[PDB]
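A.B. asks: Dumping the structure here so I can ask a few things about it.
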Ligand SMILES: N=C(N)c1ccncc1
Ligand SMILES: N=C(N)c1ccncc1
């Protein structure tokens, strides 16, 4: 009942913000730009500093014209509407949002420890206790998101930032969506796609649990289970129903992964009658104090090295491009609700 009442309040609070989203809560010249932290086909993330408070933030900047051309309008409206409505210890907090003639802006907390991906590639692979600590946070986060009828759809090490306490902060909700029932969009990253996405089926939250299997495998092995030079070859391996495990994997880890990497979505852990509890009660998680993880009372496997809230050393170097704002409004109709 404690979990039921927790999730009921979580949904109440989400729905109130979902039905009346915040809009236009800062403007660009409230900030100084410091450094580009990442770049994509239609957007960027920049470290910025608020000029009055001195606080640092990660500012996601999306080019409206490029969003339209890459057919990401609905997805970018999803991302902002969801981010301004959610609240969970392992989700990056949105602090401000606004738009101008050219761009959409989402200003969120800056997490200086960097992407899990960098740390995983630096060390090679995580020990099972280390992987399990992160996995437990994703399990709780998906329990939260799925109870709100939200599917995340982009789980991968690059989207998991490590904070000052060594805990995960999930970022990039660009593919997240509120879904009652099925949805159909081809999106994600090839190595993490569930078979039913590859096969163009109407799919559901079970794709997140498949991706968790991929993530746990990758954290514990150092590489994902389905790897190939071309996406088509990755997809053939994903749908095959065959995975090989390193001998150093524990038997419990292999058993959990076989049930998360279940190609038949109707047999996949997280999608059975007991839902998330088939995962939480699995022997691989026997040492996990779920409440202590939620309360952030467990000592983390490591704390990232950084000097302070403005340190960018755990992110990499990109060409610094202008934040140009047209004299004329672009795509106003498409982004009215942003
Ligand atoms: N890539 C990001 N959205 C990000 C968020 C927070 N801190 C750093 C990066
Ligand atoms: N003390 C623990 N590790 C613990 C394990 C499972 N459930 C609660 C606590």
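Each answer follows from the model by the rule given with it, or from the source it names; nothing here is a laboratory result. For neighbour counting, all protein chains shown are included, and Cβ atoms are generated from backbone atoms with ideal geometry for every residue, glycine included.
A.B. asks: Have a look at 211, 220 and point out the one that is assigned to a helix (DSSP H, G or I), surrounded by 20 or more Cβ atoms within 10 Å (Cβ to Cβ) and more than 15 Å from the chain's Cα centre (by Cα).
C.D. replies: Testing whether each residue is assigned to a helix (DSSP H, G or I), surrounded by 20 or more Cβ atoms within 10 Å (Cβ to Cβ) and more than 15 Å from the chain's Cα centre (by Cα) leaves just 220.
A.B. asks: Same structure again: Quick test of your reading of the structure: residue 228 fulfils all but one of (1) surrounded by fewer than 19 Cβ atoms within 10 Å (Cβ to Cβ); (2) not in a loop (DSSP other than H, G, I, E, B). Name the failing condition by number.
C.D. replies: The failed condition is (2).
A.B. asks: Also, quick follow-up: Tell me, which residue of segment 166-185 that is assigned to a loop (DSSP other than H, G, I, E, B) and within 16 Å of ligand 1 (Cβ to nearest atom) is farthest from the chain's Cα centre (by Cα)?
C.D. replies: Top of the filtered list is 166.
A.B. asks: If I ask for residues that are closer than 21 Å to residue 284 by Cβ and touching a residue at least 40 places away in the same chain (Cβ under 8 Å), which ones from segment 184-204 would you list?
C.D. replies: Once the filter is applied, which keeps residues that are closer than 21 Å to residue 284 by Cβ and touching a residue at least 40 places away in the same chain (Cβ under 8 Å), segment 184-204 yields only 194.
A.B. asks: Has segment 143-156 got at least one residue that is within 27 Å of residue 48 (Cα to Cα), away from ligand 1 (no atom under 13 Å from the Cβ) and either in contact (Cβ under 8 Å) with a residue 60 or more places away in the chain or surrounded by fewer than 21 Cβ atoms within 10 Å (Cβ to Cβ) (or both)?
C.D. replies: Among the residues of segment 143-156, at least one is within 27 Å of residue 48 (Cα to Cα), away from ligand 1 (no atom under 13 Å from the Cβ) and either in contact (Cβ under 8 Å) with a residue 60 or more places away in the chain or surrounded by fewer than 21 Cβ atoms within 10 Å (Cβ to Cβ) (or both), which makes the answer yes.
A.B. asks: Restricting attention to segment 17-29, which residues are in contact (Cβ under 8 Å) with a residue 60 or more places away in the chain and not in a loop (DSSP other than H, G, I, E, B)?
C.D. replies: Result: 17, 18, 28.
A.B. asks: So residue 277 ticks every box in (1) closer than 30 Å to residue 165 by Cα; (2) away from ligand 1 (no atom under 16 Å from the Cβ); (3) in contact with a helix residue (DSSP H, G or I) (Cβ under 8 Å, 6 or more places away or on another chain) but one. Which box is left unticked?
C.D. replies: (3)
A.B. asks: For residue 61, only one of the following conditions fails: (1) within 20 Å of the chain's Cα centre (by Cα); (2) surrounded by fewer than 21 Cβ atoms within 10 Å (Cβ to Cβ). What is its number?
C.D. replies: Unmet for residue 61, out of (1) within 20 Å of the chain's Cα centre (by Cα); (2) surrounded by fewer than 21 Cβ atoms within 10 Å (Cβ to Cβ): (2).
A.B. asks: Another question, then. Across segment 94-136, what is the number of residues that are assigned by CATH to the domain that holds residue 280, over 19 Å from the mean Cα position of the chain (by Cα) and crowded, with 23+ Cβ neighbours inside 10 Å?
C.D. replies: Looking only at that region, the number is 1.
A.B. asks: Can you find a residue that is crowded, with 16+ Cβ neighbours inside 10 Å, under 23 Å from the mean Cα position of the chain (by Cα) and not in a helix (DSSP H, G or I) anywhere in segment 2-15?
C.D. replies: There is no residue in segment 2-15 that is crowded, with 16+ Cβ neighbours inside 10 Å, under 23 Å from the mean Cα position of the chain (by Cα) and not in a helix (DSSP H, G or I).
A.B. asks: Can you name every one of the helices (runs of 4 or more DSSP H) wholly within segment 242-321 that holds 1 or more residues which are within 16 Å of ligand 2 (Cβ to nearest atom) and free of Cβ contacts under 8 Å to residues at least 12 places away in the same chain?
C.D. replies: Here the list reads 277-280, 290-294.
A.B. asks: Quick check on segment 101-139: of everything there that is assigned to a loop (DSSP other than H, G, I, E, B) and over 30 Å from residue 22 (Cα atoms), which residue is nearest to ligand 2 (Cβ to nearest atom)?
C.D. replies: 127
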